[PDB]
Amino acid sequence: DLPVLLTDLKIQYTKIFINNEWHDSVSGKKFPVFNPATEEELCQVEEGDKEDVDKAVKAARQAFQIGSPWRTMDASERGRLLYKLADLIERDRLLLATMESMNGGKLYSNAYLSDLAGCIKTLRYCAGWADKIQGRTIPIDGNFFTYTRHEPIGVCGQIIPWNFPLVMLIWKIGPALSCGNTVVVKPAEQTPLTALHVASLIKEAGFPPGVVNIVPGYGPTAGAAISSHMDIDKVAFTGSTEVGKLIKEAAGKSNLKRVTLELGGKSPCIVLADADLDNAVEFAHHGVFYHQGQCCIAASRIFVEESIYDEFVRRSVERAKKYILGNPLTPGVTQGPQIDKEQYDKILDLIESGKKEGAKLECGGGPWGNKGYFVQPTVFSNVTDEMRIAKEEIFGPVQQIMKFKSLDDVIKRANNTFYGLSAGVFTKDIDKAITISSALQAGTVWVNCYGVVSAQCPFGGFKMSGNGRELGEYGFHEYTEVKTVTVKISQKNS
């Protein structure tokens, strides 16, 4: 079932959230938030800058002090607070899904059934880890008792993207809080609204003040203050590889803060001749077109064995011609707008390069509508490796389909990129499934599927698609700092 909000959405939370209270910006300035489907202003939000980030860090630092409620409470109680927060997001699911759709240009069906479900499920997963984070006792050489503490790191600056505002907010704060950190969150300038509603729920759930602080504002100002801050211990960022480089540089230049990055991709699929063809067509299609192509895992290079290539292209094109564009709140609509002008312009520019560089336009290839940042769903066949559409992350509804005849070569071509977020392998051959997935230089390899993401799995990039992993058991390591304690004793025994 797909239920809907019965009254119109009223925007309430538009301020900076520090020590569980609502703050005007230090400057007093505010910035507009827009609906990408209408190009109309929804509201104004307080514009946080370096001075506001500074207030947030002081609050996070104080909440992190030895003897504070957040440091001293039972790990099980940090878990309890996270599960309570998940219950509250579940209570406000209609409200949050509507706001997410309206602000983010995100199909409401997906916002409600996928984004909100994933947000609730990830929080509950993270809640479960809280009192299961454990160090070791270690049989060191000599007469010593050695143990380790897996402590929280401290204050964690977290910069959230616009493409999955709620999901990414929870992917950041869930593990950080489960491990006992305090956070300073900087939601995307395009999509601050749902994060600020979640802040109200953090207060309601009973988190101690300063444990979660949310400073909306811009990248170059608030994001650059977080990255260069001398008392932020760690920064996590999801976004473009370009900005990831600048984050990593500012961390090294300032206080050597720990850095994790989830960045873009140019993720390949390899479709062997023996693949289940309609399954491969459907998953590759959804793999590239999901959320108007605005996924870092977008399956933006599809390599198909020559003998099934024409049939793959044909089936793919017919699937791509079945969309209904429009406002993402209207039922039956199956493709919303792109997030803003900058992204819209980038996508159209890259579509034009595909045309100019000699790719075969199968469908789409231009804008749509009288308002909103809409781009027609586009398919290119006969794509070659030095084309811009084969090398650059488009972040739009633009599919590239390529042929191959040699498996050795297509693996090289798949790996011949500075990216490495994910990949897809489609085959009925057991040996090929295992050997190809082993050889691909990508963080997640899907076999006979694509875009399957769950809280129980680690997720992140090889190469310039990122540093570190999120979620799973393994992701939690990056929100702890290991302390070794070695105690002199008279005599040890095994």
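We number the residues from 1 along the sequence you see.
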{"query": "188-196 versus 171-179 - which carries the larger mean C-alpha B factor in the record", "finding": "188-196"}
{"query": "Greater mean Cα temperature factor according to the PDB record, 205-213 or 239-247", "finding": "239-247"}
{"query": "C-alpha B-factor winner, where the candidates are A433, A455, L440, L42", "finding": "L42"}
{"query": "Highest recorded Cα temperature factor - choice among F418, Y373, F145, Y83", "finding": "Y373"}
{"query": "Lowest, middle or highest third - CA B-factor, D24", "finding": "highest"}
{"query": "B-factor third for the C-alpha atom of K321 within its chain", "finding": "highest"}
{"query": "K55 CA temperature factor, ranked by third within the chain", "finding": "middle"}
{"query": "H477 - Cα temperature factor, lowest/middle/highest third of chain", "finding": "lowest"}
{"query": "For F426, the third of its chain into which the C-alpha B factor falls", "finding": "middle"}
